[PDB]
Amino acid sequence: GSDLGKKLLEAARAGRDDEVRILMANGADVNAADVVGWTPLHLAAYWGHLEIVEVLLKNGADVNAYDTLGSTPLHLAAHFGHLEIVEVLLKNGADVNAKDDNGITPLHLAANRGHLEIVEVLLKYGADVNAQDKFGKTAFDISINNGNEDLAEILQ
Amino acid sequence: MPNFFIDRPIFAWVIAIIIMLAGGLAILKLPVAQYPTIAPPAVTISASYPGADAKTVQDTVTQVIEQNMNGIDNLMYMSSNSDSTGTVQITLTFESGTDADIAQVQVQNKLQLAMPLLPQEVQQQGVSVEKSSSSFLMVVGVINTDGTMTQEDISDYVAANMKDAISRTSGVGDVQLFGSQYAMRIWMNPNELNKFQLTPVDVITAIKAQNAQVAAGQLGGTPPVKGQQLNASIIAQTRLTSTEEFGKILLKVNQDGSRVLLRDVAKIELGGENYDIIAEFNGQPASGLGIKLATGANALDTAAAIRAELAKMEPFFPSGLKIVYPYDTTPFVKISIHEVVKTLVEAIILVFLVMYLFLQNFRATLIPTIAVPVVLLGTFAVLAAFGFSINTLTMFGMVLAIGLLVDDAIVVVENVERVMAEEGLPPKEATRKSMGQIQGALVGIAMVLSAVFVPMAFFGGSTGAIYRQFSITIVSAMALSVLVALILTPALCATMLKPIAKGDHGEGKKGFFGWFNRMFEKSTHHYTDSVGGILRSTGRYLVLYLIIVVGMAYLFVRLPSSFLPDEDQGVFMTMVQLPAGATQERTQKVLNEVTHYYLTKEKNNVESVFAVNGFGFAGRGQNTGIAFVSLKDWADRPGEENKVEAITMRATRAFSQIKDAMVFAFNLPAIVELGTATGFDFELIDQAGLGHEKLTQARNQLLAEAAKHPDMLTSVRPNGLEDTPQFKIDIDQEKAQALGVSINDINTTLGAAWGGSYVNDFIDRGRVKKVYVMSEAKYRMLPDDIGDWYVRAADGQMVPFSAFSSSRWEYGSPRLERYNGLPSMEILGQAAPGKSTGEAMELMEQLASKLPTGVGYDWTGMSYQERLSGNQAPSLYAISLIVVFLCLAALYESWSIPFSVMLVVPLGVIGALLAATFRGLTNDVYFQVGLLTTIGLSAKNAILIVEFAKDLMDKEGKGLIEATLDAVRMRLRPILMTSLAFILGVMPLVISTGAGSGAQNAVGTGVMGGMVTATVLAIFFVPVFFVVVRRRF
Amino acid sequence: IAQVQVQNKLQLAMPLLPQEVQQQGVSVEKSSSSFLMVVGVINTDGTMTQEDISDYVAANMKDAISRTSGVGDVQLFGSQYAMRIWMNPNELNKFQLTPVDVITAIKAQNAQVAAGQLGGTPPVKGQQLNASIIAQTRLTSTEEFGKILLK
Amino acid sequence: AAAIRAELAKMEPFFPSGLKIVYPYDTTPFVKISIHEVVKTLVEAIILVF
Amino acid sequence: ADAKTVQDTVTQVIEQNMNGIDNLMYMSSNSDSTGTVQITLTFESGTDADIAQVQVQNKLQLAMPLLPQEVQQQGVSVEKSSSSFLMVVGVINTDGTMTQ
Amino acid sequence: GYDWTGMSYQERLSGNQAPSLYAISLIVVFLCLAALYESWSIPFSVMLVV
Ligand SMILES: CCCCCCCCCCCCO[C@@H]1O[C@H](CO)[C@@H](O[C@H]2O[C@H](CO)[C@@H](O)[C@H](O)[C@H]2O)[C@H](O)[C@H]1O
Ligand SMILES: CCCCCCCCCCCCO[C@@H]1O[C@H](CO)[C@@H](O[C@H]2O[C@H](CO)[C@@H](O)[C@H](O)[C@H]2O)[C@H](O)[C@H]1O
Ligand SMILES: CCCCCCCCCCCCO[C@@H]1O[C@H](CO)[C@@H](O[C@H]2O[C@H](CO)[C@@H](O)[C@H](O)[C@H]2O)[C@H](O)[C@H]1O
Ligand SMILES: CCCCCCCCCCCCO[C@@H]1O[C@H](CO)[C@@H](O[C@H]2O[C@H](CO)[C@@H](O)[C@H](O)[C@H]2O)[C@H](O)[C@H]1O
Ligand SMILES: CCCCCCCCCCCCO[C@@H]1O[C@H](CO)[C@@H](O[C@H]2O[C@H](CO)[C@@H](O)[C@H](O)[C@H]2O)[C@H](O)[C@H]1O
Ligand SMILES: CCCCCCCCCCCCO[C@H]1O[C@H](CO)[C@@H](O[C@H]2O[C@H](CO)[C@@H](O)[C@H](O)[C@H]2O)[C@H](O)[C@H]1O
């Protein structure tokens, strides 16, 4: 790993905006990673810290970095309901049809957690509504198996 | 009463002899330990769920149990930890005074009625309900220098050949083994299993079927057919006894004729029950036995007995096997008892000397030599009667009392010698008059002194338990002192003292001694002249007094309060903690790296390093470790440079840069846990249904605002673990049903192989032991291995986990805490320098009130007994203060004279404070108890000056000033002898270094200083107190 | 001592009782027959029913009162919530299923399985990653229970 | 009964909106007041005796 | 189970956890071919029997889980005991309408 | 090895502590006479009668 990277990885976790800003002024490797491949961007997106996501992107963060299992920051954001972050990542070239090792796409994760507002946004930037995972399931499928008709309807 | 024995010296001896005998018997059958028990009774409930994550353990075991801890008596609070090492620990703390036995059984019973609700595998593992002593008598290390066996071999041998015998050793209570007896080990191979269409389910099945006990019956069993000639038992299938038989277990028969055996799909070996901990002693595989002292047992006898037992079983050890004592408190205790026996002895000699230096004969010097012992012996008997033990506290309670017993001896004798000279009265009639002068006062000193000390036996919590050890010891000794002074000394004086002609003050004597007398009779005249001169204008002194008092308060509040002085117990720790995900191998590098440091750059002091990889007080795990450093004997580590405190700073300093992790070193507490005088123990609580994540946010929030007050708060930190990456595996139910795969075959093939599974038992060379099934390391390391495992479907086809699952990374807690049944997070911290813990808490309370809706808090450490036993000190000493007043008011039959005595309090305190602040020490338990004896002695001196003064006025009709002058004159010699004898006696404690030197320094300085100040000041100030007080009214 | 002795004998019978009696939890208490008091709880903003309130006191208050020294027994005037699965014989028959299947499904799909770790001790030499394996977890809502796959 | 109120007090601050504790039946109050009344009669007695 | 087995799987497992008990003078035990085992503990003559039972039981708990499943199913009693019978009450039938 | 139990155990203990039992007992009588008769001679003379 890296000296300051470790510090930057923990910073994005707790959402310590100020330390991250100071860490940027010092060059703390925005491409550092924990044992599973989460990047400061993955963490911030996962935990929902918008500013740090915005700062990281301003400082060369790979908006499409993926973990050991193929998941990207957009996957994380969508899955955990952080609409604002989902928009920023997309706005910066996040792959909206990105597929993890299971064939899961941000659209799948959003649908599963029932995050309507994020799904529409995902549809907006051109998410593939017919994308299927390793089991053949689409966001619609998961939509009905959950009993989320509002969602099921958006998916038409 | 003194008259009574003056005429009956033999009777006096009888009473003395009885006291001596009882006292003698007392120290024979009296308990011995380093410390009495002061912590509140606690009971821990331990459970193990192999292969389970923190959340799983909490939601299926921790919560269940916690919900059934109802109806138990005197529970203060309950806390628990659920961690990813698959274990849970629930600690229930009970009110001080609670019977620990009742407490435990009431807890154990509620558990028994909650067991059916726990997961089956947790029920097979067992749930342990034990007492929480937390103090070990010593720990025996068992290592193999031959490099002929692993810690699992050492463990097994230890459990099967040493454990039981130690437990039966006289005086030993409990005993913990550091490891486990063998476990039959079945290490599965997934590539081999699939080759035969088998799963960990088939494995387990065969083991349960082929490794069992089967009841049969009898031949000619009752009720028989008459005529039956034999009756005999039918022995059927019994458990397997070897790895060979296990390997021979039939797993399958193919239709071609071949036989698939268990050793054909797995490695079979005698191993450990668990592999989460690797222990080493100077780099060598190790094991050991934690030993606790049994209730009311003698620590010294036990240490010797466990020793003789070990020696007794040595001839049967395997090659390269030898034991070691990394931790042993016995040596300390032995040293402690020695040092206390010196102090009393030499104090007794010192009294002899000065007693002879001032007095002419030996018959006098002899008298105290008898009185003091009698009083000490008797004190032991009384403690015995109160079920006390000989420990670090009680022994010092006696040294801090020496002055009080020495004084009583010197006072009664000196006054008799003084009466015989100032008037030709014979030994007997002179002893009768002498007593008639002091006897009254003597009972006062007793009542007053008990007024000062018994109140201290009333503080609550663990702190109260400590004050109580000193309190009872001192009051008892003091109490017996007055008794002996009222029965034994008068008889001795009117019996062994030789006559002295009126007016003979040795001024007309031989060389030196004759000169001393001449000079002392001289300094006495100067002294009386100074007082007459001082009493000639008191104002000057009223002013000086305020200056003193004022200086005392200032000097006091600036003295940093503390618990008990740290000590060099020849051992100390070093914590090692790595990042989230750090493997067991990684922290091994560090621990070795730490070990090496100790065995090299400190070869001069370090004796051994016991490196325990996998444990960490605030959370177990692969990324945590601890090294217990056992130092060489004290006689090989001279020089502050080579002491725990020093070595620690140098060690932490050196480790201060290992870039892989935080590795600090530290001495250990005088007693149990935190006890951090300046420390507080916070507990953040989820009061609504918020959840771990929201609790964390609240924690961070509280911690951020805490860092913004380094003026009042310092070291605010969470005592738990941080969240880490978890591998979330999702099983597709639809797919498993479609291919014909059962969820149960899936969850056991998964968990068994990757988590491990306790199947059943087997007998190993006569001892039942577990049998575990688990994947071979290489097939259960990374996410890609998951796909290498197969499951047979109904149709018989083998299906890879990758066909019905999918995974992803996520974060989770490897240690979920809980307080009083609700989700929680512990936070430690301390008051900034200068601030009081009380103020520090009050702030945390104000900051906690600004936390998200649904987040509560509570105190629990030393903090619980402070928000409760908050404070009695003033309300206690105000009582003491009042008590002392009424007593004196009674002694003097005056509502005002008492003030002339009470005014001396600060006189000794200032000295104790001066010496304290100067030597750098702190306001601790010893320093405080010392302040109480110093005040006591000074108070005594005053009582006897005022008593004589008030006496002369009432009896002779002498004037205020004349009486005072006459009293002070008479009291000068006795008062000087005591201080001279006591200050010199306490002197060796002040300078003492190393080996329990901390306690000795504490008891020493505060006493020597306060003594030097109290004496030099009182002889000049009490006359002024009596006079100004009498003037006013 | 009385409570202790009674329970000593009770654990002799425990194994002999039906699995379902044991799972409800049998208790042994030592208390007076009459009530010391009755702590009542109501809702002034009529925002929660007697069912909502009873569940709240049972989930946020009783436990701690039951652990208080001196409290020998606590009777709840209501009931704690439970995930309720109200079966319909008509629909069960329609899909050719019985409560047996239903019970079996809840045991299989509302589980909390221990699945070990990645790089768990004893590890292979060179292992760098150690993490917990999180498989099935308890269900937490009616929606989660509603979508259990029966067949 | 005092211990119970103490516990109840640690709870109240976190109650949901409108949720409120009421006390319909307590055998404790009687005990306390009943005793305090007998004390009262004592003070009177000393005064009437005086 | 036979004597040697019960002593291995039950007797000894219990005995080893019978340490750290106040006032214990001695301990004796039997292990039968009927799979039955008995461990008796005698205390100092002035010991409080109830506390002794409590302490014993507290230690027996540590062992319960290490016992065979079928031994637990049969339940293990920890009781205060004495060796002799106070009396023996007999019962017979005088009109021959009842067997033994 | 061997050991004595039950009945026999009490018997061993009984006889083993008999000597100091008589010893402490004589001592207490002597000391009592001494005290009561304020003398060392009187008690010693009587105790010789034992
Ligand atoms: C039983 C219910 C309440 C009873 C408890 C009583 C508590 C005791 C309070 C008295 C404390 C006074 O402390 C004690 O006072 C008594 C007088 O009474 C003093 O008594 C002495 O002084 C007086 C004063 O000249 C002398 O006459 C006398 O020869 C001598 O007895 C003791 O030297 C002193 O030690
Ligand atoms: C071993 C112990 C024996 C030691 C005895 C010798 C100690 C001498 C040190 C003196 C200590 C106090 O010092 C004492 O001060 C008082 C004043 O307060 C002096 O008194 C003198 O000055 C004061 C004014 O202040 C006048 O009122 C007084 O008339 C005059 O005699 C004494 O002369 C002196 O002795
Ligand atoms: C010569 C006469 C001798 C005088 C003898 C008279 C008896 C002295 C008794 C004084 C009482 C002091 O003993 C004291 O007990 C009281 C209540 O009972 C406790 O008081 C307790 O409540 C007080 C106020 O109610 C609180 O500040 C605190 O919670 C605690 O101190 C003290 O913790 C204990 O130290
Ligand atoms: C002239 C002054 C007069 C003072 C005389 C003093 C008389 C003292 C009489 C004490 C009588 C004791 O009688 C009471 O019985 C208990 C019961 O065990 C005895 O206690 C003794 O026996 C127990 C057995 O139970 C032993 O473990 C132990 O050696 C001891 O504690 C004690 O003796 C006392 O607790
Ligand atoms: C009025 C006077 C006051 C009465 C004083 C009462 C004192 C009574 C003493 C009680 C002693 C009983 O406690 C008992 O100690 C004695 C030793 O003394 C032990 O018994 C043995 O001790 C010694 C060892 O020194 C043996 O040599 C001796 O044969 C025997 O007496 C017992 O194992 C123990 O149980
Ligand atoms: C020499 C004398 C012996 C010493 C006697 C000391 C007795 C001291 C007891 C007085 C303390 C309590 O005083 C007592 O008066 C209160 C009212 O004034 C009583 O309070 C009562 O007040 C009303 C007056 O009838 C009643 O209707 C209420 O039911 C009740 O609240 C309290 O229950 C009690 O507190």
Side-chain angles (χ1 to χ4, degrees), chain B residues 1-3 11-12 14-19 21-22 25-26 28-31 296 378 381-382 384-387 408 432-433 435-452 454 478-479 481-483 485-487 882-895 897-898 901 939-940 943-944 946-955, chain D residues 28-50, chain E residues 22-25 43-49 51-52, chain F residues 10 13 17 20-21 24-25 27-29 31-36:
Chain B
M1 182 156 90
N3 261 173
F11 191 168
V14 167
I15 287 176
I17 296 179
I18 291 182
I19 289 182
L21 261 45
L25 169 61
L28 280 164
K29 286 185 160 57
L30 199 66
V382 320
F386 293 5
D408 264 335
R432 297 190 177 184
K433 199 169 193 180
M435 297 309 295
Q437 304 188 315
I438 61 176
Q439 145 165 42
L442 280 183
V443 175
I445 293 95
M447 286 312 103
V448 173
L449 282 173
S450 58
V452 163
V454 308
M478 181 284 286
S481 205
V482 176
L483 246 302
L486 298 181
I487 301 176
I882 293 181
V883 176
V884 175
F885 176 77
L886 292 308
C887 282
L888 268 10
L891 174 52
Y892 301 133
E893 175 66 14
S894 167
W895 284 125
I897 296 185
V901 172
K940 190 180 181 175
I943 287 179
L944 283 170
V946 170
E947 171 58 44
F948 276 8
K950 186 191 193 299
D951 213 335
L952 301 167
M953 288 181 71
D954 299 352
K955 233 77 68 172
Chain D
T28 273
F30 172 72
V31 159
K32 181 185 176 178
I33 297 167
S34 183
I35 249 65
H36 289 189
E37 273 291 4
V38 172
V39 212
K40 187 199 188 70
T41 58
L42 271 177
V43 165
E44 308 175 70
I46 191 180
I47 294 182
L48 297 175
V49 88
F50 169 107
Chain E
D22 304 340
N23 308 87
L24 188 292
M25 293 198 296
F43 301 73
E44 218 63 58
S45 208
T47 306
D48 185 321
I51 289 298
Chain F
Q10 288 305 303
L13 186 148
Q17 55 172 35
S20 284
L21 179 274
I24 189 67
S25 292
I27 301 301
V28 169
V29 179
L31 289 175
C32 270
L33 293 161
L36 197 274

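Letters A, B, ... mirror the listed sequences (proteins, then strands); counts begin at 1. Just follow the structure's listing: the first ligand is 1, and inside any ligand the first atom is 1. All values below were derived from every heavy atom in this structure, side-chain atoms included, with hydrogens, water molecules and symmetry-related copies excluded.
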How far is atom 6 (C) of ligand 6 from its nearest protein heavy atom, and which residue and atom is that?
D:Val43 CG2, 3.0 Å
Is atom 27 (O) of ligand 6 in close reach of the protein, with a heavy atom under 4.0 Å away?
no
I need the atoms of ligand 4 closer than 4.0 Å to a non-hydrogen atom of E:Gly46, numbered in the order shown.
25 (O)
Yes or no, since that's all I need: does a protein heavy atom fall within a distance strictly under 4.0 Å of atom 16 (C) of ligand 6?
no
Nearest heavy-atom neighbours spanning B:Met447 and B:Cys887:
CB-SG, 3.5 Å
Option with minimal heavy-atom separation from atom 14 (C) of ligand 1, where the choices are B:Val443, B:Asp951, B:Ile943, B:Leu886
B:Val443
Does the protein come close to atom 18 (O) of ligand 4 - that is, does one of its heavy atoms sit below 4.0 Å from that atom?
no
Could you check atom 1 (C) of ligand 6 against the protein and tell me its nearest heavy-atom contact, residue, atom and distance included?
D:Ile46 CB, 2.6 Å
Look only at the side chain of F:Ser20 and the backbone of F:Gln17, and say whether a donor-acceptor pair between them is shorter than 3.5 Å.
no
Is atom 8 (C) of ligand 6 less than 4.0 angstrom from some protein heavy atom?
yes
I'd like to check which ligand 6 atoms, numbered from 1 as shown, lie under 4.0 Å from a non-hydrogen atom of D:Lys40.
7 (C), 8 (C), 9 (C), 15 (O), 18 (O)
Going through the distances and angles, do B:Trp895 and B:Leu888 end up as a side-chain contact (heavy atoms from CB on, under 4.5 Å)?
CA-CA 9 Å; B:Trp895 284 125; B:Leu888 268 10; over 6 Å; no
Any protein heavy-atom neighbour for atom 33 (O) of ligand 6 (distance below 4.0 angstrom)?
yes
Heavy-atom pair with the smallest gap, counting every atom of B:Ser894 and B:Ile897:
OG-N, 3.1 Å
Mind running side-chain contact (heavy atoms from CB on, under 4.5 Å) on B:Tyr892 and B:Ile943 for me, showing each step along the way?
CA-CA 9 Å; B:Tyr892 301 133; B:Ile943 287 179; 3.4 Å; yes
Report the nearest protein non-hydrogen atom to atom 16 (C) of ligand 1: residue, atom name, distance rounded to 0.1 Å.
B:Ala890 O, 4.6 Å
Heavy atom of protein closer than 4.0 angstrom to atom 23 (C) of ligand 6
no
Apply side-chain contact (heavy atoms from CB on, under 4.5 Å) to residues B:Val883 and B:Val454 and explain how you reach the verdict.
CA-CA 11 Å; B:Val883 176; B:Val454 308; over 6 Å; no
Under-4.0 Å heavy-atom contact between protein and atom 2 (C) of ligand 1
no
Is it the case that the side chain of B:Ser450 and the backbone of B:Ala446 share a donor-acceptor pair, with hydrogens and angles ignored and the cut-off at 3.5 Å?
yes
Verify the contact flag for atom 8 (C) of ligand 1, where contact means a protein heavy atom under 4.0 Å away.
no
Are side-chain heavy atoms of B:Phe11 and B:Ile487 found at a separation under 4.5 Å?
no
Proximal candidate to atom 11 (C) of ligand 1 [heavy atom criterion; set B:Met447, B:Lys950, B:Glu947, B:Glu893]
B:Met447
Between B:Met1 and B:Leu483, is any pair of side-chain heavy atoms under 4.5 Å apart?
yes
For a 4.5 angstrom cut-off between non-hydrogen side-chain atoms, does E:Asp22 reach E:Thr47?
no
I'd like to know if atom 22 (O) of ligand 1 has any protein heavy atom within a distance of less than 4.0 Å.
yes
Could you pull out the closest heavy-atom pair between B:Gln437 and B:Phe948, with the gap in Å?
CB-CE1, 4.0 Å
Which protein non-hydrogen atom lies closest to atom 19 (C) of ligand 6, naming both residue and atom, and how far is it?
D:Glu37 OE2, 4.5 Å
Do D:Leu42 and D:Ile46 touch side chain to side chain, with heavy atoms closer than 4.5 Å?
no
Suppose we measure from atom 25 (O) of ligand 1 to each protein heavy atom; which comes out shortest, and what is that distance?
B:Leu891 O, 4.1 Å
What's the shortest distance from atom 27 (O) of ligand 4 to any protein heavy atom, and which residue and atom give it?
E:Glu44 CG, 4.8 Å
Write out the residue and atom name of the closest protein heavy atom to atom 14 (C) of ligand 6, then the distance separating them to 0.1 Å.
D:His36 O, 4.0 Å
Using side-chain heavy atoms (C-beta onward) and a distance below 4.5 Å, is D:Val43 in contact with D:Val39?
no
Give me the residue, atom name and distance of the protein heavy atom closest to atom 2 (C) of ligand 6.
D:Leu42 O, 2.8 Å
Suppose we measure from atom 28 (C) of ligand 1 to each protein heavy atom; which comes out shortest, and what is that distance?
B:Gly440 CA, 4.8 Å
Minimum side-chain heavy-atom gap B:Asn3-B:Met435 below 4.5 Å:
no
Please identify which atoms of ligand 6 are closer than 4.0 Å to at least one heavy atom of D:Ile33.
33 (O)
For atom 35 (O) of ligand 1, what is the closest protein heavy atom, and at what distance to 0.1 Å?
B:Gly444 N, 2.3 Å
